[PDB]
């Protein structure tokens, strides 16, 4: 389906922006893997913004790995707005008692009280839930998020779970719930040069292209000869492209 071929592009690395922070540990493992394989398995998923720029909506650690590896162009799949919806990740913290970062950040005005306002953050254990609202918050919405997420993210052990999935907690777990953003909030965040915390925005994307395996060597120089090479490479790959429209379980290795 050539409609997909036309959305696979090599974009100058300096024209791509993040809307979120990244976790440098995951960045370094992903980067090791790319350097070892000398391939980028999946294109980074981007949307057009303004000034001829692009915003990553999925693959921030791949993109950062390529930038850190000295790539001048990034293989992207350009996603239309009709192809995605915006949800969020909840952060499940196993053995959440031994997680010293959040373990006594008492000062924020957590409360079990529920009001018809929107609870910005919700903290869960097997028994109880706690909330945060800007009626009580002194600083702005997003640095609360940075503070809270960052208190446990890099120090404690986290597993991200989709905000829409069904999950029940053990008594070891703590579950951090963050409400999804609208695209206009994300756009404003990027336009102001800001970022949301790592690993909280979750884009549900239809029509992902998988297992492109872009050779790293193609990404090192920005020369339009390199672009002819990219078109050749891509034409070779599309012949092996098959569309799947039902749930699949993909082994991402070989």
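Residue numbers count along the first chain shown, from 1.
Here 151-159 and 178-186 are compared by their mean Cα B-factor, and 151-159 comes out higher. The mean Cα B-factor in the deposited entry runs higher for 121-129 than for the other of 121-129 and 83-91. Ranking 8, 248, 251, 1 by Cα temperature factor from the entry places 1 first. The entry lists a Cα temperature factor for residue 238 that places it in the highest third of the chain's modelled residues.
Among the modelled residues of the chain, residue 225 sits in the highest third by CA temperature factor in this PDB entry. Split the chain's modelled residues into thirds by C-alpha temperature factor. Residue 102 is in the highest one.
When the CA B factors of the chain's modelled residues are split into thirds, the value for residue 134 lands in the highest one. When all modelled residues of the chain are sorted by CA temperature factor, residue 71 is found within the middle third.
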